[PDB]
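**Student:** An experimental structure, sequence included, is below.
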Amino acid sequence: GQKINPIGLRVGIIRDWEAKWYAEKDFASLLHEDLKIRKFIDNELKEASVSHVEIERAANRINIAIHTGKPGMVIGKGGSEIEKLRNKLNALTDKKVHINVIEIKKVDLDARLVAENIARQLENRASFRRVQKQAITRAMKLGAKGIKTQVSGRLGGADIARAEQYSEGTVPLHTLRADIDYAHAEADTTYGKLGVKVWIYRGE
Amino acid sequence: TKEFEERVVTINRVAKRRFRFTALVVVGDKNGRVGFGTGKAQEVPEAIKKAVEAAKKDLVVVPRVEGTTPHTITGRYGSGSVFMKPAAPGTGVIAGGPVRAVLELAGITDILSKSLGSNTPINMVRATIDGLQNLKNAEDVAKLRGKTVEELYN
Amino acid sequence: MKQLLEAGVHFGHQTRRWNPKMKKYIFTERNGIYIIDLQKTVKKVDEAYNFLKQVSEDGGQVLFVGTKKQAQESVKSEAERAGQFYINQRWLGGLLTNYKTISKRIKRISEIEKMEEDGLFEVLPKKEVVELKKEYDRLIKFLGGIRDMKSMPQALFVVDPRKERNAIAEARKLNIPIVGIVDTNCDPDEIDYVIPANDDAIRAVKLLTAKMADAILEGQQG
Amino acid sequence: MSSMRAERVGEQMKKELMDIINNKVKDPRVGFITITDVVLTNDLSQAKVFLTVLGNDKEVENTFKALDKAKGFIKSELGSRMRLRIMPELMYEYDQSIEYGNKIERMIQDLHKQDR
RNA sequence: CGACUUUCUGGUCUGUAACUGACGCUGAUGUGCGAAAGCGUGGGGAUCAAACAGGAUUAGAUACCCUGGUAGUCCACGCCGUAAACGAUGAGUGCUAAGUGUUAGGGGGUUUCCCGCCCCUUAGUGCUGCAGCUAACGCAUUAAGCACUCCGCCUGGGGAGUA
RNA sequence: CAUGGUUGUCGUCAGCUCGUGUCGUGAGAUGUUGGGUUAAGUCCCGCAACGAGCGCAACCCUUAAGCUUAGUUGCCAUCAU
């Protein structure tokens, strides 16, 4: 297509892969097992808005690291909920796991977090325009070299598929030394689907 | 620096279509200073802010006599003629929309006014501002000429 | 102050057009070239001298502009000696006062000169330096008013108002005093302190700038 | 890109153009007895004039450097003469077909030489 | 209103200024002049050319193009009295920055000498431009600026320059 | 022809814009026009109009010369086989 998710080209040059394990011809089993944990992630997504997870496969152990929106209750008061998450994952993937929760970068300047935020804000019957203004305001307040959020679909309870963009600063896409964070989200209340792609440009 | 009162005179989405909002805003302290500005943007509050900032840069100093003009005047700006004359206390600001806006926002409490000719709000406001800025106060008029006050006055 | 002989060293003015509202200030037209009266020029030079000394006494800040040829280096030397900033190239609209996003320009030059100190040449490939150095010198040249000002004009110096109509217009809009060399065909109304000197008289220009620098020096010392 | 109308405009413009260039362009010291031929676009905004000169490769250049100045006068008078609405811009170019056609006659010698 | 000569004749400009001493400005009604076309009586008629004739072109061409050609174009005396008759700017007067051409003069300076040049000035005729004016375009000492005098004219478009 | 997401075509066509002074009563202009120059809105000059962003390029990879590390299953200067 005209525009392709840039993090597809970015990976393998400056940034690591979403999922990582040892190389062998039995990649089908590893990928079909990883898909189960990826689909299971939604349970923690719906309450902690975890951006993404890097999963590692040791000699016989599995290491993951979630980027939660807040670590306080994902780690629990004193570890009241991590053990049951580990047990559920062990049951589902038919293999144990080594959960290492790390809080996402303190500033809410990342991509998937704000993407889910604005998706839920739209689903809660709030003006996408005002939400975008707040998002870009706090984005430039926090300090970012470039940030744009696109939306598409039937906005504002309409029947017309229109698209909007609200960017700021220098945002080099064709440039490769950009170190960006492409995200996506889906939102609706009663009307179809409304996709949003948030782009973050932090440092070169 | 200090508090100023603002109010909108006309908001129009005007086309060339890259049609966006243009704002006519008068800004005055209601204690002897007033000014107007125009601003164009994509959202109404931003246009209002731009108009207010533009107005604050050019502030008139209307001479004051007991909340009315020292003398009669007639502002003119390109077919924008407006005639205003002072009035006794309690008369009320008799004026049209833009003229009333600028007059009250300048601190004027009671005058008699009437616009003549063009009723386009931008020209009307520029006319009123011109008329207000070319008022002459009695004390500096006395100083401007060789004379002094207490021999000739209002 | 000013020497009458140095006034007599200055002579002549360009004769292609003249402001007829200055026509009283001509001493005696001769040789087809308008010449100025040095008698009142000395008085105006003295009043500008003491005014600038007073302004610099309280910490006044005055710019020096060098847009015209054959005087740029003189103005630059004058600015560095006087302790003020310079305009070594064309004067842009609001080039001095950091309202027309020239603060972004000066910040950009600062960061691209600091990152090289932190390491930018032969640590990152040539493919980036070939453009970054080109941009850096581009902004050095085009940003002829590269300055260390705090968006505070206060006052200004204009060498030729014909080429600095922009500078004098912005000065009038900002209500800051104007004083400098004014030739035979410049408007004296728009300039608060007018010094009727010539433009082709390069040595007279250098002497005048040295005089204003001495004024600023006396102001800053006491 | 051509219509009969353009052809008539070209012919009637040629007739007047030859007249003016040789009877009213005094000031250029290099006047030359010229022949002409003119073509135009279908919309009559562009016109090409083709002509011949007598002299060397510095006299054709002097005459051209004189025609370049005179173009204003030519356009003024031409518009003052013809009913046409929009004055086409005029550029003057040598009719190379004269020398090319002459070179075209040259190889005729070769055909007659080998067969004789 | 452009060939030349002669006769008769109107206006304007410059310098001096002793001469009359406000004799001035505007101007309804009135009376004259008034491009071209057109009308009447005659004369002339080379070129050109409404109408008209033919040919060409075109889906059609009564038109543009070509071949001819009458009235007319020309002259004398009358009539007609209109024009995008325009600077689309009424006449008179005074004041208000400049720069630069050009026509007819006048004066001063320099130069031995003006045939040169420079300066000053009056009256036309151009261009560029301040203040100022205009809705803008633009005008700007030849104002569309600042003022006074007098005359003519306008009050939405069409109907209508009609009845 | 309710759409998200994804993809074609113009088309690697060379364009698309915005802030800011500050021109204009205003709609608007401007920057982005003009000159040289490039396949390119690429560079320079002038430009009260200026300044800035997306886009182009570069950034990536392969390859085209070479130097260093490393020689196995590969290679054979010197060797035997």
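**Tutor:** Structure received. Numbers count the residues shown, from 1 in each chain, chains lettered A, B, ... in the order given.

**Student:** Three-state assignment for residue B:35, please.
**Tutor:** Three-state call for residue B:35 (DSSP: H, G, I helix; E, B strand; the rest coil): strand.

**Student:** pretty sure it contacts residue B:53?
**Tutor:** No. In this structure, residue B:35 is not within contact of residue B:53 by Cβ atoms under 8 Å, at 10.8 Å. (C-beta placed from N, C-alpha, C; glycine too.)

**Student:** out of everything not next to it in sequence, what's closest to the residue of chain B found nearest RNA strand E?
**Tutor:** Distances between chain B and RNA strand E by Cβ to the nearest atom of the strand are smallest at residue B:78, namely 3.6 Å. Excluding its sequence neighbours, the residue lying closest to residue B:78 (Cβ to Cβ, 6 or more residues apart in numbering or on different chains) is residue B:123, at 5.9 Å.

**Student:** Which residues are in contact with the one you found?
**Tutor:** B:77-80 (Cβ atoms under 8 Å, 6 or more residues apart in numbering or on different chains).

**Student:** Most neighbours out of those, which is it?
**Tutor:** residue B:80 (24 neighbours; other Cβ atoms under 10 Å in any protein chain shown).

**Student:** Quick check: it vs RNA strand F, distance?
**Tutor:** Plainly put, residue B:80 is 8 Å away from RNA strand F if you go by Cβ to the nearest atom of the strand, to the nearest Å.

**Student:** Residue C:173 now?
**Tutor:** On the measure of Cβ to the nearest atom of the strand, residue C:173 and RNA strand F end up 5 Å apart.

**Student:** Neighbours of that residue, how many?
**Tutor:** There are 10 residues near residue C:173, going by other Cβ under 10 Å.

**Student:** for residue B:63, same thing?
**Tutor:** Per other Cβ under 10 Å, the neighbour tally for residue B:63 reads 17.

**Student:** Excluding covalently adjacent residues, which one is nearest to it?
**Tutor:** Per Cβ to Cβ, 6+ apart, closest to residue B:63 is residue B:137, 3.5 Å.

**Student:** just residue C:51 next, same as before
**Tutor:** Nearest non-adjacent residue to residue C:51 (Cβ to Cβ, 6+ apart): residue C:193, at 6.5 Å.

**Student:** Contacts only, for that neighbour.
**Tutor:** Residue C:193 sits in contact with C:44, C:47-48, C:51, C:177-179, where contact means Cβ under 8 Å, 6+ apart.

**Student:** Now do the residue in chain B that RNA strand F sits nearest to against residue B:10, distance only.
**Tutor:** Residue nearest to RNA strand F within chain B: residue B:16 (3.2 Å; Cβ to the nearest atom of the strand). For residue B:16, the distance to residue B:10 equals 18 Å [Cβ to Cβ, to the nearest Å].

**Student:** Residue A:89 too?
**Tutor:** 64 Å.

**Student:** Mind telling me what element the residue located most distally from the centre of chain B is part of?
**Tutor:** Each residue of chain B has a distance to the centre, and by Cα atoms, centre = their mean the biggest one is for residue B:17: 33.0 Å. Under the criterion DSSP states H and E, no helix or strand holds residue B:17.

**Student:** Flag every residue of chain B that's near RNA strand E.
**Tutor:** B:78-79 (Cβ under 7 Å from any atom of the strand).

**Student:** can you give me the helices in chain B?
**Tutor:** Ranges of helices within chain B are B:44-57, B:97-105, B:121-133, B:138-144, based on DSSP state H.

**Student:** Could you report the neighbour count for residue C:179?
**Tutor:** Quick note: residue C:179 (other Cβ under 10 Å) scores 22 neighbours.

**Student:** Looks like it contacts residue C:192 (just checking).
**Tutor:** Yes. The criterion here is Cβ under 8 Å, and residue C:179 meets it with residue C:192 at 6.6 Å.

**Student:** How about the contacts made by residue 112?
**Tutor:** Using chain A. Residue A:112 touches A:49, A:51-52, A:181, A:183-185, A:198, counting by Cβ under 8 Å, 6+ apart.

**Student:** wait, I meant chain C there
**Tutor:** C:120, C:132, C:135-136.

**Student:** which among those end up buried?
**Tutor:** Those of these that meet the buried threshold are C:120, C:136, by 16 or more other Cβ atoms under 10 Å in any protein chain shown.

**Student:** quick one: which of the contacts of residue C:112 is nearest to RNA strand E?
**Tutor:** Out of those, the member with the shortest distance to RNA strand E (by Cβ to the nearest atom of the strand) is residue C:135, at 38.6 Å.

**Student:** Need the residues that contact stretch B:21-28.
**Tutor:** Applying Cβ under 8 Å, 6+ apart, the set of residues contacting stretch B:21-28 is B:4-14, B:34-44, B:47-48, B:50-52, B:55-56, B:59, B:98, B:101-102, B:105-107, B:121-122, B:125.
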